[PDB]
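Only one chain is included here, represented as structure tokens and corresponding to the form deposited in one PDB entry.
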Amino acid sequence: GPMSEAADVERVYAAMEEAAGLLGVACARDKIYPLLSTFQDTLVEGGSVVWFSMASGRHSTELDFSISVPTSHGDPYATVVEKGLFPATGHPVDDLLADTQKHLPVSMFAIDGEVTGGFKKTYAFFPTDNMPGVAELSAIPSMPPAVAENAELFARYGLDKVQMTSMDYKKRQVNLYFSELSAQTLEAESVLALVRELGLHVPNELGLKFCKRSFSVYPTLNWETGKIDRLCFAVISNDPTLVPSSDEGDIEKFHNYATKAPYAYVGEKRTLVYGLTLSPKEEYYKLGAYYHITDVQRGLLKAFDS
């Protein structure tokens, strides 16, 4: 009832504080709870997907949280704008989530915030049996011109189907999460030519071995240029030791997070998503640990963590 639902949201917030405490990060309740309350039903109803994400390097003092939102709820960006939880940008990224649902079958949404900065991003998921390609994504008028401009490049490397997209409203960037990756696409020669063509940090063989394991690859694009800002390879696993770094502090900090991050599906092992992110001037590491999982994450583990 009303109290049990209110307590669920307290529980999610307490887990957020726990996860943030593993990094030494303190949570700003006044930035987070209004968001949690606005989306209380999604956290209560079930089918929830919630994950808490950390990063290495110059990003290590932040904790991100992402919370799934059903399409039946309606565009969660319009919600946060109308409620005053985030100021409208005045830029096409404002339109992109709603525009995407206009033009394509969207199976789910998600919202994402940082524990000290509040709301920052939305996601659009597409059905696993009905994913768009680049050409269909570029039919969305508010999508960055960079998508269509990189179509030739995406096709040449076999980056075709997209399982979801994410919109960053503060940086005005879009991520395209490519799926159904072929082994040719993730072979070291292919990855090397890709990152070299994009002018990004060249990984070593440890990073390449990680890339070969990826279930998703996502470039970041923006509305100002056709240049891809960075590229991330994502690996899903129950294994807590997979961070692709040879730095002893990284190895320790990520294993610590991967073995202590709060989660609710006790009785199973934590679902983890590692990311290897290549930008022009650096390489850094991400780790999301899911607090709430569904059959999708279990199916991905079976396919890619076996």
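Numbering starts at 1 and follows the sequence shown.
Higher mean CA temperature factor between 181 to 189 and 74 to 82: 181 to 189, per the PDB entry. When the C-alpha B-factors of 221 to 229 and 92 to 100 are averaged, 221 to 229 comes out higher.
Across 50, 69, 27, 276, the greatest Cα temperature factor reported in the deposited entry is at 27. Among all modelled residues in its chain, residue 145 ranks in the highest third by Cα B-factor. Residue 287 sits in the lowest third of its chain by CA B factor, as recorded in the PDB entry. When all modelled residues of the chain are sorted by CA temperature factor, residue 113 is found within the lowest third. Ranked by Cα temperature factor within the chain, residue 234 sits in the lowest third according to the deposited record.
When the CA B factors of the chain's modelled residues are split into thirds, the value for residue 151 lands in the middle one.
There is another form of the same protein, the form deposited with a small molecule bound; it is not shown, and what comes next is about it.
Only one of 91, 156, 171, 227 comes within 4.5 Å of the small molecule in the entry with it bound through a heavy atom, and that residue is 171. A single residue from the set 258, 35, 43, 55 has any heavy atom within 4.5 angstroms of the small molecule in the entry with it bound; that residue is 55. Stretch-level contact analysis of 261 to 269, 243 to 251, 25 to 33, 58 to 66 against the small molecule in the entry with it bound, using heavy atoms and a 4.5 Å limit, identifies 58 to 66. Using a 4.5 angstroms limit between non-hydrogen atoms, residue 13 is distant from the small molecule in the entry with it bound. Contact check for residue 213: no non-hydrogen atom falls within 4.5 Å of the small molecule in the entry with it bound. Taking the partner from elsewhere, residue 121 is found to have a heavy atom lying within 4.5 Å of the small molecule in the entry with it bound.
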